[PDB]
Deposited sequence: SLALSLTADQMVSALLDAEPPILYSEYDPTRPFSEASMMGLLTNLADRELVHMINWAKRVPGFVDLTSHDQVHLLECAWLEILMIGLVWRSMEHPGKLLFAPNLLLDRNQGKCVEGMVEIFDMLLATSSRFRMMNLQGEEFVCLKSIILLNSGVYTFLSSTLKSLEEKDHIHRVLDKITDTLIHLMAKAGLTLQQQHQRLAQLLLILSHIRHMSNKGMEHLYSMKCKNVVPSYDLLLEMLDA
């Protein structure tokens, strides 16, 4: 796979080039606007995912499983990235900057978790090159432990995913070493960034929990991938 031959800078360059644009809110019903926004973001997310090195080496069934498990975490981590420069606020779009008081509409509990994630990123001085690495880890990791098959192909697919995840780890480390971090600082920061992904999983599970609907089904994702 081409992905496994990439250097750290080529991997970063590929991911930076795949970044979807920042969409605007069309306009009210909170769910209304957020739903309209997320629906337009998902279309760009499928095209982004097709451009993550290694992803299209997988079967369509496995690409859908990964997206089904990761899509809300991917939307949330984009939101948190957008919001770093707005302490106390969530920048859903450039024309939809919501503060905490506008979550009281069980939405506040998740707003708070999202704000805490944005704060953490700010604290850490999270860089854009690191963000795109983290977003692609979410895509490949979130669903990998729940492939439901035991065929040779499934084993080969999971093994490919883990080698791409290793490549992204190497990339994260190279970015930090090139920024001047000591060997120990490199390990510590890699771990800090990966541990935040556990909180993003938690937030996504909450959001799903309170929802239960408007979730993209397996069949919906398969068709968007086929097009």
Deposited-sequence ranges lacking C-alpha coordinates, in sequence order: 28-35, 114-115, 223-227
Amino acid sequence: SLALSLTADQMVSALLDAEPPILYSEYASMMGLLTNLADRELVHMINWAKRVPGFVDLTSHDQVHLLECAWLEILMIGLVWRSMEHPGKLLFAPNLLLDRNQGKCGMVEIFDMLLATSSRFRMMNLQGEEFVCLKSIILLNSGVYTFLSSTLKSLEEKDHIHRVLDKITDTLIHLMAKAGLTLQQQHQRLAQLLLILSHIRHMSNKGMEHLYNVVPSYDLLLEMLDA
From here on, numbers count along this sequence of modelled residues.
Flanks modelled, residue 58 absent in at least a third of other entries: no
No coordinates for residue 28 in a third or more of the other PDB entries: yes
Selected stretch [higher average CA B-factor]: 146-154 or 87-95: 146-154
Of 3-11 and 216-224, the one with larger mean CA B-factor: 216-224
26, 57, 68, 166, ranked by C-alpha B-factor: the highest one: 26
Among 184, 63, 171, 198 - the residue whose C-alpha B-factor is largest in the record: 184
Ranked C-alpha temperature factor of residue 192 among modelled chain residues, by third: lowest
Third of the chain's Cα B-factor distribution that residue 100 belongs to, per the entry: highest
Within-chain third of residue 208 by Cα B-factor, per the entry: highest
Chain-wide C-alpha B factor ranking for residue 109, given as lowest, middle or highest third: highest
Within-chain third of residue 38 by Cα B-factor, per the entry: lowest
